[PDB]
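Note sheet for the following structure.
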Amino acid sequence: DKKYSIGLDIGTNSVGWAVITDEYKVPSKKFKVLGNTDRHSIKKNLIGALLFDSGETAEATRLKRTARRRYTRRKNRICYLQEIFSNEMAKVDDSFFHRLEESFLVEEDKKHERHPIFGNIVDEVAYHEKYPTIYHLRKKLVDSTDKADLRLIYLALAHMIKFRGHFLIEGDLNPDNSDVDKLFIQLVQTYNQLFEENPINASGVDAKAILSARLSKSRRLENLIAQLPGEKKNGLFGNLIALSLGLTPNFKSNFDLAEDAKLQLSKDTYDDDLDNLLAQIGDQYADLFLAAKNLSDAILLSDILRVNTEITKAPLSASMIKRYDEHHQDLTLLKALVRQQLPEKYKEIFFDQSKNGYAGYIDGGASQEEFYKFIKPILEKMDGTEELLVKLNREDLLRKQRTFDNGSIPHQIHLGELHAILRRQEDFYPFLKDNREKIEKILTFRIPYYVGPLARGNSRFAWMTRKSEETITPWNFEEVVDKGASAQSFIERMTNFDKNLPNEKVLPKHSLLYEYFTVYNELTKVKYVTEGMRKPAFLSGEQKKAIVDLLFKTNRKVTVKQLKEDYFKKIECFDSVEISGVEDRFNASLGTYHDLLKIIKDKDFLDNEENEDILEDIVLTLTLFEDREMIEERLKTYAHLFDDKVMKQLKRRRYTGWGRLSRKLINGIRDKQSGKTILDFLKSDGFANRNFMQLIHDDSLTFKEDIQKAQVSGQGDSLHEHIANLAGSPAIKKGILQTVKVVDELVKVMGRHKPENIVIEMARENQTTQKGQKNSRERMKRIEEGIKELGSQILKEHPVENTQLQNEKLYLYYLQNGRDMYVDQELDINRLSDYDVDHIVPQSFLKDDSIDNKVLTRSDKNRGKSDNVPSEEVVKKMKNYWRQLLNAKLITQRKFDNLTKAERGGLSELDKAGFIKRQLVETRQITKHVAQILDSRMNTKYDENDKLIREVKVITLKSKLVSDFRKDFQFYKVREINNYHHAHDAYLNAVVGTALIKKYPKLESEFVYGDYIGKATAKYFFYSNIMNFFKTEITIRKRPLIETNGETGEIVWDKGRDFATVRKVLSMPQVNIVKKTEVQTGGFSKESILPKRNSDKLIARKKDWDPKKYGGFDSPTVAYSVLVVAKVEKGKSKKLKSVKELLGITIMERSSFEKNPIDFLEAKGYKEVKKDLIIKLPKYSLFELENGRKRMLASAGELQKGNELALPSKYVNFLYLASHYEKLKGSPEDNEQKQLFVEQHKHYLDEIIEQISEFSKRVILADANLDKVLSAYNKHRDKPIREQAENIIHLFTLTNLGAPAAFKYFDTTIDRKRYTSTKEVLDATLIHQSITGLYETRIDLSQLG
RNA sequence: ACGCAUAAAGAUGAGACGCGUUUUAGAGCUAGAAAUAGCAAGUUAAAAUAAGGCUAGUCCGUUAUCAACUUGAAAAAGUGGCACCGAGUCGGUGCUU
DNA sequence: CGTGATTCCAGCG
DNA sequence: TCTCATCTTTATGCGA
DNA sequence: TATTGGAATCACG
Ligand SMILES: [Mg+2]
Ligand SMILES: [Mg+2]
Ligand SMILES: [Mg+2]
Ligand SMILES: [Mg+2]
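Read left to right, the first sequence gives residues 2 to 1013, 1029 to 1051, 1057 to 1366 (UniProt numbering).
Structure follows, in structure tokens:
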């Protein structure tokens, strides 16, 4: 019958809980201990923390699942090709495909000859000599005309199909449009054919070198214009050249068409704009544009390949052959030079695989970059290596055909090569002639992103709808899959429902109705004051309509200046007026109205409200679909209203994004006694002038009743089901469920009585208006100021709008002044999606995708950077540019440090020593959901008028309040001492929340969940000053010792005892720390495929691949260990010996074991096991052995420390002060006093060490490490107090709970002492802990046997 | 608690690239009895890329769930007095059952 | 000849 | 690494 | 608001 409160400190990887009473005292209770041990009752305090492994996001699972799908579909492509070829291959060589399938097997396991292709040694050797690589074969098949062996044709086609390339570029890059000079000559001839007055003569100009140079587009244009005698860059030929290279030219000046008619070949609107231009003049110039298109295709081909393609139809194969030949020549030259000049290193370079030489480059794991790093000093220290050095600096020395940078090759190249092979060989083999389209489709077919997995209802990820029930081959995908329905479901399965009407779907963000709702909602709360008016008055419905018609429907954005002058000064004839409710510009805007008015050029069509449904359907279609086919098909129904050009313009426009409200809410429902929708009320509410929130929360209005009727959907769900149904990442579910479970356990412990208050520490914050606005400035402002300070002209070259900067690649392009950050080059603005957003710190090392860890760079450069920080060479080359950007504030100091990390060593392990920025977001949303769940679950009873009775007030305390409470009353928190700080944080949150809701009841609306100089500054100052009643001496002001309730008589705070009570609570030794036992799930083992070795720790990669001959995985992950007491066979006679041991069922064996434990154990060797004496021990199972020493089971063969060091609060405060945590943030008097306190308490350090020492003599039992730490401490006694305190904070890692870790005390480094022996725990006391740790069951394992 | 505008950090799903690794194939030669030594060669390909499963799909297989005990196919339900004095991981005293 | 100390490693753009 | 899409939390600013 | 287990190798009483 004693009232109590529960304080919670939630985190991503920890949940601290505390129970307090009226006097802020944590109760102590006797809990019964179940089990067979003699211990039966234990006294425990109602405070503690729950520790669990962080909930992982589904990112890795999704990536692996997508990889699995891609592998399955690649094998299916190869299977389709084999099915096509099988009929003729059986005539040629029946077992060829069988040999290809079984090539992996060892000689004896093979059912055929070991040679896969030809089946005999001589032919295989001859083939390998004639075609050293596959690319030689591809080049030969493309170029040769004689009949080729069908096996070679299949090999080439299978190589092309298996590795087809990227699909980033749309359309078809005709390989025959390869020559640049010939197409340029054709363009010149076509230009001169109709323009004989001033013919263009470009003879003797090396067009290929000039246009296909590595310089920038503008530089190449200028070079070509200069080489053109008497031609103009802005001329018609100049504009055609600019279009061909990539620049978007203005054709208005060339023909004086009075319209710009800008033509960018990259844009898909190029064709329609060209049709417009033809309508301006005629089709006589069309051949010129066709020649320009061909020249552009040739230029792009040369850029992506950079090879002489004038003699072959397979430019990629020719490039690879040239690369192979140059590799061979350079290798021979390097061998000769090493033999002549540095013979003793020859064996190191060409034989030692362990090194990074050529032997390590080919046979070893050394990459191209590492090989260049190793070989450059040797190359420079020699003679006759000029060409080798030039190649090395160009990254074209001893290259491989299959490298990292092949990812920039479009699939059109392989498509053209495959088409050439088929055309060459179709006459000899008729089945190639009649199956050309089949194989080309196999190469080019790719499931649309909106269709997803092609399941038959057995997949939780599939959404496609099948028109006909049939197997989906790539050749009938168009006839079996309902693409329109699939795309509609793809969009709709992700978009959320309206909160007020959960059955309805939200409107598109750019929908006309949504924009009208936003504009009217913002406008209806505007007050105007003119001379002669006593008070501000709301805008009337007539005035609001006039404003909308005059200002919003004409100007894209309406500023207060226009409203004050265009309307009030002119229409209303008001000389002066003051406007309140809008700061500078109306946030809402009729953007869609202006876009559609420009598209259709019909004011009356949009103004009329009869066709409002038509516009809503138009915007819905433009939002749902992106493919022009589906959009055109949907808009066909409305084609009669508009015209053909208007229809094409509508097709071009594509909105994206969805709003937060439905159409049934904005304009669907109506008031019973008014017959006006919410939008109708917003347009003209009369003198009341209510807005949306007042409308749906008005009792006189009937909208609230309808919302209540529609919101009865959610009832009768279990807690697990409720958590699972929550939208968001599955990472936060673990934390939310654990918090709710510990709250329920605490309620159960206190005799089923609900807590009076539940105070939760929440990551909210309050900032001053200046700081808040300066961190919320639009990125356009940042890039504008950076460009202005940098002195660049990129903004004038390519003007941008703040909306367009939402695209990450464009934003990074502008942030980097348009130039690459890893090489001294210039990025192409139009041709994005060829560069990569590289994480400066590799994504495999640390999870950080902030703007301070992203750089837009060349794809090949990024991929060569690989799993590393940018190399020292890149840092040296680009440090000046990085500093220039840093001075212009285009990049932050953190980004500069990330870029120049290579100078300060490499990726040290300590770099992974800070909190991830993802953890803060996870904590925020975990706390939000926890508050919602607790408020909904605790308060269930409703009043007579259906009003919830707040029996359990949920308070959301901001972390700053508790942090200041700690920093003001010497309750300092040191995170490294132990895990008690979570429980202490929870207790302090409870205390502060209870005190604040006691002394200041009027603050309940601001702290209790439910009801609720700029405003931010006012709230910041208010929150800072609220906690002043805790202070004894303000600033000097001495408030009374015992704080009164205020307007009532209560003891809200008593500084004489309450501080003492809190100090006593924070120094309690017994705090219930629980490590949640988790069954390990995830990958079966390490993904690395180890080579063949005679070891039984290897796991076979297939059931028929014995690891003694094929290698395989190792290091399996143990799902949970199993305590088994049984009999094993010992000796040759195999006598039965009784043994008790842990087995460690791995993840891969978990299903087999759980299906039949006895048979599995007997297979493992143990005999006469007991199905009842088998004990399932998950990871982190707790065993108490002796002297209170606790070990947590980490696996079948390793233990973790399971004890917490209860350091007294005085030592913790001394460590916090001496270490200068957060430097010194006190007044000079207080800083001097604290420094004197530290100096007078030097001896504490010794005592602190003693503590740790004695702890390590009782629990840790690490003799060598403890002796090393003592020796280091004795060595560093003469150091200053600050360094010693910091290094002792480091030293506390020895006695922390969890897996042992290695630490550093000054210079000395102490490695981790691992307890790789689980023999002891077999004769210890296993402890099953409830989620709060209060309820325990102790099992004496020594009694088992 | 919510709607807009701006921003920062994140999340979820789909379609695709490029590598990497494993085993085999690409007859290594000579001197050697061998141990080995000298020389030549090196760039490519096939297959696998969680074992695997039944629902046989161009599907699914690494997120989420999980203290012990009792009842249960599961879902889920149930199981553990209090007060006070103290405190090195909780101990003691009284009451009560 | 088991056992404690030590070293090395971990699929990725 | 690329392409496409949809969500969340938090901060500031207007309005209840 | 955080954070290592598997495996091999070697000294050595
Ligand atoms: Mg916290
Ligand atoms: Mg498979
Ligand atoms: Mg990268
Ligand atoms: Mg905490």
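Note that beta-carbon positions come from the ideal geometry of N, C-alpha and C, so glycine has one too.
Note down, in chain order, each residue of its chain lying with its Cβ closer than 7 angstroms to the Cβ of residue i, except the 5 sequence neighbours on either side.
i     : result
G385  : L338
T560  : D585, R586
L1245 : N1252
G1223 : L1203, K1211, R1212, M1213, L1318
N1044 : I1050
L380  : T386, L389, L390, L393
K1192 : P1178, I1179
Give every residue of the same chain whose Cβ lies closer than 8 angstroms to the Cβ of residue i, excluding the five residues on either side of it in the sequence, and list them in chain order.
i    : result
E108 : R115
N501 : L662, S663, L666, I697, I708, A711, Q712
With DSSP collapsed to three states, give me the class of residue i.
i     : result
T1048 : coil
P1229 : coil
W883  : helix
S213  : coil
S1040 : helix
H41   : coil
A1147 : strand
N295  : helix
In the DSSP assignment, what are the bridge partners of residue i?
i     : result
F539  : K528
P411  : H167
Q1350 : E1357
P133  : Answer by DSSP bridge pairing: none, since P133 is not bridged.
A127  : In the DSSP output, where bridge partners are listed per residue, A127 has none listed.
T1330 : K1325
If I measure Cβ to Cβ from residue i and keep anything under 6 angstroms in the same chain, skipping five residues before and after, which residues do I get?
i     : result
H1297 : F1327
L52   : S15, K1096
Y373  : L393
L423  : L433, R437
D707  : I670
Going by C-alpha to C-alpha distance, which of the options sits closest to residue i?
i     : options                    : result
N407  : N831, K862, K1047          : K862
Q712  : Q354, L1238, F498, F351    : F498
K1118 : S1106, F688, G1152         : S1106
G592  : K558, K314, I1348, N1286   : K558
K1334 : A1283, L1291, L1362, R1303 : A1283
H595  : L651, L1312, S685          : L651
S1040 : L989, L962, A1032          : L962
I956  : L989, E1007, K942          : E1007
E1068 : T1082, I1029, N459, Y1001  : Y1001
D1075 : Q826, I7, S1088, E24       : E24
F682  : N767, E630, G542           : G542
With a threshold of 7 angstroms (Cβ to nearest heavy atom), would residue i be considered close to ligand 6?
i    : result
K866 : Ligands in the displayed structure: ligand 1, ligand 2, ligand 3 and ligand 4; ligand 6 is not one of them.
*What are the uninterrupted segments assigned as alpha helix (DSSP H) that are 4 or more residues long and contained completely in the stretch 771–849, given in chain order?*
780–791, 795–798, 809–816
*At which residue ranges does the stretch 577–643 contain complete beta strand (DSSP E) runs of 3 or more residues, listed in the order of the chain?*
578–581
*Residue ranges of each beta strand (DSSP E) run of no fewer than 3 residues wholly in the stretch 472–536, ordered along the chain?*
507–509, 528–531
_Residue ranges of each beta strand (DSSP E) within the stretch 650–677, 3 or longer_ = 659–663
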